[PDB]
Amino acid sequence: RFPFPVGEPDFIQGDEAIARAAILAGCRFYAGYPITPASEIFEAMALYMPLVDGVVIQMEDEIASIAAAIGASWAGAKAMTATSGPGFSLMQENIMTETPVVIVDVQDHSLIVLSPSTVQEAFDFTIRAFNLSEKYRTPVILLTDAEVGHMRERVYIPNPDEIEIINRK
């Protein structure tokens, strides 16, 4: 079923952990532009999404990528987008409404925010971020950096049946 190994350990980087988690969590829509070298997530999603009947939409403008993930979500998809540096602040106003979405930000509010510091946390916090956005019908921010994204660690990648997924009411 899945295009990457599951139900066993693998020695992977933080970005790859994010991608695998997002997909295992049921994400089928991703909108973004390359943000390499700061992140390798676009390319992993470009590879994996077609293999699970999901969608990667490529859009330079940060405003467009978030707006696209919002429309997909309202249309019933588990959706995410990824931005870097200044790009997050451009999304600030789009980010009420009660739309479930995960926004990966690389590098005063009342948003739910998870900030992984290890590869294991990049995995687990990504799953938790989808579960929270569905549970509370709201945007959840996964706040990461290029250091975490490129760290390598051996982590157990669970089988689907081992992972608790919450879906929106």
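Note that residue numbering follows the sequence shown and begins at 1.
According to the entry, the deposited sequence places 4 to 9 unmodelled residues between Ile95 and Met96. Missing coordinates between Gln107 and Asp108 amount to 10 or more residues of the deposited sequence.
In this entry, 29-37 has the higher mean Cα B-factor, the comparison being between 29-37 and 123-131. 154-162 and 16-24 differ in mean CA B-factor, and the higher of the two is recorded for 154-162. Sorting the modelled residues of the chain by their CA temperature factor places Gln58 in the highest third. Ranked by Cα temperature factor within the chain, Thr81 sits in the middle third according to the deposited record. Sorting the modelled residues of the chain by their CA temperature factor places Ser73 in the lowest third.
Per the PDB record, residue ranking by Cα B-factor puts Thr144 in the highest third of the chain.
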